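Read the structure below first, then the notes.
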């Protein structure tokens, strides 16, 4: 959906190198210190 992953984050760009490896995902958003792709 939104897909929460293990990678932690302060800002949403922190998530790009992780989320972009998921089919159809790019940056995601940072929420509760986790990447929501």
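Going from the start of the chain as shown, residues are counted 1 onward.
Structure method, as recorded: X-ray crystallography, 1.8 Å.
Just so you know, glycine gets a Cβ as well, placed from its N, Cα and C.
As given in Swiss-Prot:
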type     : residues : note
DISULFID : 9-30     : disulfide bond
DISULFID : 15-35    : disulfide bond
DISULFID : 19-37    : disulfide bond
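The Cα atom of residue 19 (disulfide bond) lies nearest to that of 35, taking the disulfide-bonded residues 9, 30, 35 as the candidates. Under DSSP, residue 9 (disulfide bond) is assigned to coil, being neither helix nor strand in the three-state scheme. For the disulfide-bonded residues shown (9, 15), fewest C-beta neighbours within 10 angstroms: 9. The Cβ neighbour count for residue 35 (disulfide bond), using a 10 Å radius over every protein chain in view, is 25. Residue 9 (disulfide bond) has its Cα within 10 Å of the Cα of these disulfide-bonded residues: 15, 35, taken from 15, 35, 37. Remark: of the disulfide-bonded residues 19, 30, the most isolated position is 30 (fewest other Cβ atoms within 10 Å of its Cβ).
Recorded residues residue 15 (disulfide bond) and residue 30 (disulfide bond) have their alpha carbons 7 Å apart, per Cα-Cα distance. Under DSSP, residue 15 (disulfide bond) is assigned to a helix (H, G or I) in the three-state scheme. Looking at residue 30 (disulfide bond) and residue 37 (disulfide bond), their Cα atoms lie 9 Å from each other.
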